[PDB]
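Undergrad: The data below comprise the sequence and an experimental structure of the protein.
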Amino acid sequence: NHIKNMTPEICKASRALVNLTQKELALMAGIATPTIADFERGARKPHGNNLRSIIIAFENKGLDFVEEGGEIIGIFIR
Amino acid sequence: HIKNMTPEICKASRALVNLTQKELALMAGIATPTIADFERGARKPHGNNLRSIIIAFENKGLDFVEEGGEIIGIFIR
């Protein structure tokens, strides 16, 4: 897709909008829980399939991200 | 035009701008227990409290999109 990055702030905000724990996001996205924890503290940046899976998990929970130049600039709640 | 903010939008908005509850409360001119109780879903902010919370977020660079009096979106500046 067209999103190239997701900041810790956007990850954390997106979980709060749809009442997701880290463990449930990890399970939906098929990623280890501590890796999710690393993305949220900025210890690693999500890229590739990890980034695509986290985006899809949030969209499946009814979020829609607004992208500009590869960066998320907005979140709509559907 | 915003008539309600959900606890989820308040928590999400603090995450977007790295504010603690105490910090949001200081910006909104409200006591921290009021913010904490709002985020627990125990009370719904109304009136001047709701307005002060929205303004504190806008001052931190969020823009809200409103429909039917509800927030349906948040933009980061």
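TA: Yep, it's here. Numbering: from 1, shown residues only, chains lettered A, B, ... in the order given.

Undergrad: CA only for contacts and neighbour counts going forward, please
TA: OK.

Undergrad: Outside of the longest helix seen in chain A itself, list whatever touches it.
TA: Across chain A, the helix with the greatest residue count (assigned by DSSP state H) is helix A:48-60. Residues from elsewhere that reach helix A:48-60 (Cα atoms under 8 Å, 6 or more residues apart in numbering or on different chains): A:1, A:5, A:6, A:14, A:15, A:25, A:28, A:29, A:30, A:31, A:64, A:65.

Undergrad: Doesn't residue A:74 lie inside a strand?
TA: Yes: using DSSP: H, G, I helix; E, B strand; the rest coil, the assignment for residue A:74 is a strand.

Undergrad: Which strand residues bridge it?
TA: Here residue A:74 sits in beta bridges with residue A:66, residue B:75, as judged by DSSP bridges.

Undergrad: what separates the residue of chain A positioned farthest from its centre from residue A:3, distance-wise?
TA: Seen from the C-alpha centroid of chain A, the residue lying at the greatest distance (Cα atoms, centre = their mean) is residue A:69, 17.3 Å away. As defined by Cα to Cα, to the nearest Å, residue A:69 lies at a distance of 8 Å from residue A:3.

Undergrad: intersection of neighbour lists for these two?
TA: By Cα under 8 Å, 6+ apart, no residue touches both residue A:69 and residue A:3.

Undergrad: Run the angle between the longest helix of chain A and strand A:71-77 for me.
TA: 30 degrees (axes from the mean of the first three to the mean of the last three Cα atoms, to 10 degrees).

Undergrad: Any of the contacts of helix A:48-60 buried? List them.
TA: Using 16 or more other Cα atoms under 10 Å in any protein chain shown as the burial test, these include A:5, A:6, A:14, A:15, A:25, A:29, A:31, A:64, A:65 as buried.
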